[PDB]
Amino acid sequence: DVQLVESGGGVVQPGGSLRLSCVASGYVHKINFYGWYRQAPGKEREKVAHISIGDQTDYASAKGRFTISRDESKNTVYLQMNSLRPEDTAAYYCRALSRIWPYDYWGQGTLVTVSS
(Lines give C-alpha, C1' and ligand atoms only; values in the text may rest on other atoms or scores of the structure.)
Protein backbone atom coordinates (compact mmCIF):
# COMPACT_ATOMS: atom_id res chain seq x y z
CA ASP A 1 0.00 0.00 0.00
CA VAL A 2 1.16 3.73 0.05
CA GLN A 3 3.75 3.59 2.89
CA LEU A 4 5.80 6.67 1.88
CA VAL A 5 3.77 9.90 1.99
CA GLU A 6 5.09 12.87 0.00
CA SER A 7 4.45 16.61 0.23
CA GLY A 8 6.27 19.89 -0.62
CA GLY A 9 5.50 20.20 -4.30
CA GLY A 10 3.89 23.23 -5.88
CA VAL A 11 4.25 25.90 -8.48
CA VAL A 12 7.37 28.03 -8.39
CA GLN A 13 8.91 30.61 -10.77
CA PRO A 14 12.22 29.76 -12.57
CA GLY A 15 15.11 30.23 -10.16
CA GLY A 16 12.91 29.28 -7.18
CA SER A 17 13.36 26.40 -4.74
CA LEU A 18 11.21 23.63 -3.30
CA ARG A 19 11.82 21.08 -0.55
CA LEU A 20 10.04 17.75 -0.96
CA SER A 21 9.37 15.43 1.99
CA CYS A 22 8.86 11.65 1.99
CA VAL A 23 7.57 10.30 5.33
CA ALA A 24 7.91 6.54 5.95
CA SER A 25 5.23 4.76 7.98
CA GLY A 26 6.03 2.38 10.90
CA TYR A 27 5.63 -0.55 8.47
CA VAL A 28 8.75 0.20 6.34
CA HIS A 29 11.91 -1.61 7.67
CA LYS A 30 15.44 -2.85 6.70
CA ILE A 31 15.87 -0.13 4.09
CA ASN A 32 19.28 -0.02 2.46
CA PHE A 33 18.38 2.60 -0.22
CA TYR A 34 16.26 5.73 -0.54
CA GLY A 35 15.85 7.41 -3.91
CA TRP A 36 14.14 10.31 -5.63
CA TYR A 37 12.85 9.96 -9.17
CA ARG A 38 10.76 12.04 -11.55
CA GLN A 39 8.48 11.43 -14.48
CA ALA A 40 7.08 14.11 -16.73
CA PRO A 41 3.92 13.26 -18.75
CA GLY A 42 4.80 11.38 -21.94
CA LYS A 43 8.37 10.73 -20.73
CA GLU A 44 10.18 7.86 -18.98
CA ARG A 45 11.09 7.85 -15.30
CA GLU A 46 14.43 9.50 -14.51
CA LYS A 47 16.66 8.96 -11.48
CA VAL A 48 17.23 12.22 -9.52
CA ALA A 49 19.22 11.40 -6.32
CA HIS A 50 19.81 8.59 -3.81
CA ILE A 51 21.12 7.58 -0.33
CA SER A 52 22.59 4.11 0.33
CA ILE A 53 22.36 2.99 3.92
CA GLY A 54 25.97 2.79 4.94
CA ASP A 55 26.32 6.68 4.88
CA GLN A 56 26.52 7.62 1.16
CA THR A 57 24.93 10.30 -1.02
CA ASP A 58 24.67 10.78 -4.87
CA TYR A 59 22.75 13.08 -7.29
CA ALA A 60 22.20 12.09 -10.98
CA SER A 61 21.12 19.20 -13.66
CA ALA A 62 20.40 17.19 -10.47
CA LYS A 63 24.24 17.20 -10.05
CA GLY A 64 24.33 20.02 -7.53
CA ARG A 65 20.82 21.47 -7.81
CA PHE A 66 18.93 18.57 -6.20
CA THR A 67 20.23 17.46 -2.73
CA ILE A 68 18.91 14.38 -0.91
CA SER A 69 19.07 14.17 2.90
CA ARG A 70 17.27 12.31 5.77
CA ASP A 71 15.96 12.90 9.37
CA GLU A 72 16.19 9.57 11.15
CA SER A 73 14.19 10.78 14.19
CA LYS A 74 11.25 11.68 11.89
CA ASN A 75 11.57 8.71 9.43
CA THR A 76 11.68 11.32 6.61
CA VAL A 77 13.75 11.70 3.41
CA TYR A 78 14.05 15.14 1.74
CA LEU A 79 14.91 16.56 -1.66
CA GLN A 80 16.09 20.17 -1.66
CA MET A 81 15.61 21.53 -5.24
CA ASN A 82 17.34 24.80 -6.18
CA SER A 83 17.50 26.99 -9.33
CA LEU A 84 14.40 25.35 -10.76
CA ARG A 85 13.93 25.48 -14.57
CA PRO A 86 10.76 24.78 -16.67
CA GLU A 87 12.27 21.43 -17.82
CA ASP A 88 12.19 20.29 -14.15
CA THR A 89 8.32 20.20 -14.25
CA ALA A 90 7.36 16.60 -13.39
CA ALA A 91 5.75 14.36 -10.75
CA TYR A 92 8.53 13.57 -8.21
CA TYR A 93 8.50 10.17 -6.44
CA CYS A 94 10.44 8.85 -3.49
CA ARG A 95 11.36 5.22 -3.03
CA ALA A 96 12.68 2.89 -0.34
CA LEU A 97 14.35 -0.47 -1.13
CA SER A 98 14.40 -3.17 1.56
CA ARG A 99 16.42 -6.40 1.84
CA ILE A 100 13.19 -8.28 2.80
CA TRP A 101 9.69 -8.67 1.30
CA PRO A 102 7.90 -6.52 0.00
CA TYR A 103 11.34 -5.18 -1.13
CA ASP A 104 10.22 -1.86 -2.68
CA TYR A 105 8.11 1.04 -1.49
CA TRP A 106 7.09 4.00 -3.63
CA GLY A 107 5.60 7.33 -2.59
CA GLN A 108 2.33 8.59 -4.13
CA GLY A 109 4.16 11.52 -5.81
CA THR A 110 4.10 15.32 -5.51
CA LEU A 111 3.84 17.75 -8.45
CA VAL A 112 6.61 20.25 -9.14
CA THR A 113 5.67 22.95 -11.64
CA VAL A 114 8.17 25.60 -12.74
CA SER A 115 6.24 28.40 -14.43
CA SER A 116 6.97 32.15 -14.69
# chains A, B, ... in the order shown; residues from 1 in each chain; ligands from 1

call {"tool": "residues_around", "arguments": {"residues": "residue 50 of chain A", "least_positions_apart": "2", "cutoff": "8 Å", "atoms": "only C-alpha atoms", "output": "PDB file with N, CA, C and O atoms, in the first residue's frame"}}
result
ATOM      1  N   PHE A  33      18.362   1.637   0.863  1.00  0.00           N
ATOM      2  CA  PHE A  33      18.385   2.602  -0.216  1.00  0.00           C
ATOM      3  C   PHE A  33      17.150   3.483  -0.213  1.00  0.00           C
ATOM      4  O   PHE A  33      16.030   2.981  -0.206  1.00  0.00           O
ATOM      5  N   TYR A  34      17.353   4.784  -0.325  1.00  0.00           N
ATOM      6  CA  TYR A  34      16.263   5.730  -0.544  1.00  0.00           C
ATOM      7  C   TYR A  34      16.615   6.463  -1.833  1.00  0.00           C
ATOM      8  O   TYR A  34      17.771   6.819  -2.044  1.00  0.00           O
ATOM      9  N   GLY A  35      15.625   6.711  -2.668  1.00  0.00           N
ATOM     10  CA  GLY A  35      15.853   7.412  -3.915  1.00  0.00           C
ATOM     11  C   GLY A  35      14.744   8.360  -4.283  1.00  0.00           C
ATOM     12  O   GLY A  35      13.594   8.170  -3.888  1.00  0.00           O
ATOM     13  N   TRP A  36      15.095   9.388  -5.048  1.00  0.00           N
ATOM     14  CA  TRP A  36      14.141  10.315  -5.630  1.00  0.00           C
ATOM     15  C   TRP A  36      14.190  10.127  -7.130  1.00  0.00           C
ATOM     16  O   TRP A  36      15.263   9.954  -7.715  1.00  0.00           O
ATOM     17  N   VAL A  48      16.880  10.853  -9.909  1.00  0.00           N
ATOM     18  CA  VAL A  48      17.230  12.217  -9.520  1.00  0.00           C
ATOM     19  C   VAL A  48      18.369  12.210  -8.493  1.00  0.00           C
ATOM     20  O   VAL A  48      19.385  12.851  -8.705  1.00  0.00           O
ATOM     21  N   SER A  52      22.391   5.525   0.082  1.00  0.00           N
ATOM     22  CA  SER A  52      22.586   4.105   0.327  1.00  0.00           C
ATOM     23  C   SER A  52      22.963   3.987   1.790  1.00  0.00           C
ATOM     24  O   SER A  52      23.855   4.684   2.284  1.00  0.00           O
ATOM     25  N   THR A  57      25.871   9.432  -0.314  1.00  0.00           N
ATOM     26  CA  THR A  57      24.929  10.295  -1.025  1.00  0.00           C
ATOM     27  C   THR A  57      25.346  10.587  -2.489  1.00  0.00           C
ATOM     28  O   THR A  57      26.513  10.887  -2.740  1.00  0.00           O
ATOM     29  N   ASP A  58      24.398  10.499  -3.450  1.00  0.00           N
ATOM     30  CA  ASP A  58      24.672  10.776  -4.866  1.00  0.00           C
ATOM     31  C   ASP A  58      23.483  11.449  -5.572  1.00  0.00           C
ATOM     32  O   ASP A  58      22.340  11.238  -5.180  1.00  0.00           O
ATOM     33  N   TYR A  59      23.771  12.320  -6.557  1.00  0.00           N
ATOM     34  CA  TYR A  59      22.751  13.080  -7.289  1.00  0.00           C
ATOM     35  C   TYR A  59      22.976  12.965  -8.803  1.00  0.00           C
ATOM     36  O   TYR A  59      23.930  13.541  -9.312  1.00  0.00           O
ATOM     37  N   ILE A  68      19.671  15.313  -1.733  1.00  0.00           N
ATOM     38  CA  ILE A  68      18.905  14.380  -0.911  1.00  0.00           C
ATOM     39  C   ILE A  68      19.490  14.369   0.501  1.00  0.00           C
ATOM     40  O   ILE A  68      20.696  14.518   0.680  1.00  0.00           O
TER      41      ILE A  68
END

call {"tool": "residues_around", "arguments": {"residues": "segment 8-10 of chain A", "least_positions_apart": "6", "cutoff": "7 Å", "atoms": "only C-alpha atoms", "output": "PyMOL selection string"}}
result
chain A and resi 18-21+110-113

call {"tool": "closest_residue", "arguments": {"among": "A:13, A:51, A:32, A:103", "to": "residue 67 of chain A", "atoms": "only C-alpha atoms"}}
result
A:51

call {"tool": "residues_around", "arguments": {"residues": "residue 88 of chain A", "least_positions_apart": "2", "cutoff": "10 Å", "atoms": "only C-alpha atoms", "output": "list in words"}}
result
residues 14, 38, 39, 40, 61, 62, 81, 83, 84, 85, 86, 90, 91, 92, 112, 113 and 114 of chain A

call {"tool": "closest_residue", "arguments": {"among": "A:53, A:31, A:96, A:60", "to": "residue 3 of chain A", "atoms": "only C-alpha atoms"}}
result
A:96

call {"tool": "residues_around", "arguments": {"residues": "residue 105 of chain A", "least_positions_apart": "5", "cutoff": "9 Å", "atoms": "only C-alpha atoms", "output": "ChimeraX atom specification"}}
result
/A:1-4,28,94-98

call {"tool": "closest_residue", "arguments": {"among": "A:109, A:99, A:78, A:5", "to": "residue 25 of chain A", "atoms": "only C-alpha atoms"}}
result
A:5

call {"tool": "closest_residue", "arguments": {"among": "A:69, A:89, A:115, A:7", "to": "residue 43 of chain A", "atoms": "only C-alpha atoms"}}
result
A:89

call {"tool": "select_by_dssp", "arguments": {"residues": "segment 11-115 of chain A", "states": "helix (DSSP H, G or I)", "output": "ChimeraX atom specification"}}
result
/A:62-65,72-74,86-88

call {"tool": "atom_distance", "arguments": {"atom1": "atom CA of residue 56 of chain A", "atom2": "atom CA of residue 79 of chain A"}}
result
14.9 Å

call {"tool": "atom_distance", "arguments": {"atom1": "atom CA of residue 93 of chain A", "atom2": "atom CA of residue 47 of chain A"}}
result
9.7 Å
